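As structure tokens, the structure follows; a few thoughts come after it.
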Amino acid sequence: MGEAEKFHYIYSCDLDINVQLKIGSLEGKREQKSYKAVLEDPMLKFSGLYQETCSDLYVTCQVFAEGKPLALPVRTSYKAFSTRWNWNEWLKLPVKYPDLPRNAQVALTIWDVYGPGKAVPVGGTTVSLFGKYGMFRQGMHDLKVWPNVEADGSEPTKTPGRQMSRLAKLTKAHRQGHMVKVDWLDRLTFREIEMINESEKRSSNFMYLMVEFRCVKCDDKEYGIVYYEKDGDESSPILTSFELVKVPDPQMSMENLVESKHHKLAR
Amino acid sequence: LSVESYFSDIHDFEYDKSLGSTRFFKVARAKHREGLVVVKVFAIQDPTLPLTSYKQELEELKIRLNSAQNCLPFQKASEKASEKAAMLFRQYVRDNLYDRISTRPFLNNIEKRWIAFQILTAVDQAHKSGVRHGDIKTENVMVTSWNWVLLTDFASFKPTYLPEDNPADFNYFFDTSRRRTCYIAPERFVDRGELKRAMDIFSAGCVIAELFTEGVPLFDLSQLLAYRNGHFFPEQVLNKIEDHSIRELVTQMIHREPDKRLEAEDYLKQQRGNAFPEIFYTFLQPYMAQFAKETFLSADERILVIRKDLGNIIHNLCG
Ligand SMILES: Nc1nc2c(ncn2[C@@H]2O[C@H](COP(=O)(O)OP(=O)(O)OP(=O)(O)O)[C@@H](O)[C@H]2O)c(=O)[nH]1
Ligand SMILES: CCCCCCCCCCCCCC(=O)O
Ligand SMILES: [Mg+2]
């Protein structure tokens, strides 16, 4: 009938393993081929836009926190593309779960060849690594790609990856089984969502980079990674007495570090 | 009886250290639920003496100096805690100014100015409250590790008037450091009065001198008795004060005739801007007071209060 409802989770500061991000497929069309621009810039004909229907794009994944990069960007391994951009590659990020603060993001940039020794950004997308209540993102996510720009790692990001937006979530919930199934009704409703989707395909030149996050499994359980800090349970033993000690001093019984620095330099 | 022996009978206060034994009080550091505390233990050798006169006084100093942010009265007093001993309780502070002058980091000019400013603020606070500190000394000026001054050990049980003839009264109650230093205002020498606000201004002025001479005492007992008779003026030590305006403040405050010694508030009015930066009156005294007394701001919350106020702080201090 069904396994139980227990919610299992691990603290992010307890999961000392590298974060891994799957770069799935890049759906959508590119910015056509504006031949006006090529007459102005002949180097532009020697660029992935104009050489193949699917240039061999690559993605760089970098983690940012407080607008600063936590480590170097990781690049997808070369994959030759012909009719679709499908890297299908798990990227081991240089950051571990304990290393990630609550506002850690991954800035993902799709890059293309622009003449010799020059990559142009096809687009960029940034998604926060923790959810609205501090749970590491799980499973398959489709991120809005911002054309002709690198992913922005600043806080707040200017390239967030997160009608069809709402419906896709409901569709994913339906496919996972969280939405109730009604065959007569699902058959009719999804045709409309398809019409909406096709209209959005024609209306806008949007691209989506589908990515996936790893699932933490142990004994066939599913653990969500919730953001925590070690000692996060240490509710400080604050007490409101001031009978004798009216003026607390935090440095009270502490090594004088300016004298020890001096000791270490004179003696 | 050793200083520690007294604490064997007390449960609430566990001995920690001795701060110094003198025939007047034996002083110990004690650990308490609240923090570290100084216990001044008075061996009450003659039970005939009425300590009820001193207990009343201290309970009215404790009330008056309750809101005086730079004064630290004795917070507790216990006539019979060990049956042959009384005890005065107050918090223990990081430094005392006499030691702080030598500990690192050495006090800048602006930090000495901030300490002298707060000494005058403490005297002004107690004097407005109706309290006199009948011996200000650098030992009794206490410094938190954030350089909040607490004036402590209010000398309400010490004699206001001393004979010049017999140094025995000075040796007992005053000069417990045994440095022979004498900041007791010269008119306090004769041959149970009330203490006068100018008797603190001489005491405070001499502490600001010693602060700015890096611990050279402005007078000792013979030099104060000569200054009392007009046969000596501490020009040499005053010339060790590196700042002309603090030099004149001190020369004003240590004035021989008490009538020529202003209120602490007047010295702080006269010294606005010139000795004491304008920013001391406008930003640092009121801002730093949020950390000061019966306040409840944790080390973790202190840093967040200062981070959240950084921009405002930078504007006031710098511009
Ligand atoms: N750091 C620190 N030192 C203290 C404290 N209380 C006392 N001491 C030190 O121990 C010494 C002995 O204590 P006291 O009896 O208060 O010395 P004092 O200031 O000469 O005492 P009185 O003559 O009564 O004013 C003082 O001079 C200080 O140097 C304190 O709360 N903090
Ligand atoms: C309960 C109140 C405790 C008060 C503690 C201070 C008492 C000081 C008494 C000083 C007596 C001096 C005697 C003498 O002159 O020999
Ligand atoms: Mg004292």
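Just so you know, the numbers here start at 1 and follow the chain as drawn.
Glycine is treated like the rest: Cβ placed from N, Cα and C.
Annotated ATP binding in Swiss-Prot involves B:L19, B:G20, B:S21, B:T22, B:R23, B:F24, B:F25, B:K26, B:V27 plus, out of the candidates B:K40, B:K55, the residue B:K40. Rounded to the nearest whole angstrom, the C-alpha distance between B:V27 (ATP binding site) and B:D135 (active site, proton acceptor) is 17. If you take the C-beta of B:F25 (ATP binding site) and look for same-chain residues 6 or more apart in sequence within under 8 angstroms, you find B:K40, B:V41, B:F42, B:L88, B:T176. Highlighted here are the binding-site residues (B:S21, B:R23, B:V27) whose C-beta falls below 6 Å from ligand 1: B:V27, in sequence order.
Taking Cβ-Cβ distances under 8 Å and a sequence gap of 6 or more within the same chain, the neighbours of B:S21 (ATP binding site) are B:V3, B:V27.
Distance from the CA of B:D135 (active site, proton acceptor) to the CA of B:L19 (ATP binding site) is 18 Å. Residues listed for ATP, B:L19, B:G20, B:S21, B:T22, B:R23, B:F24, B:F25, B:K26, B:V27, B:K40, cover a largest CA to CA span of 13 Å.
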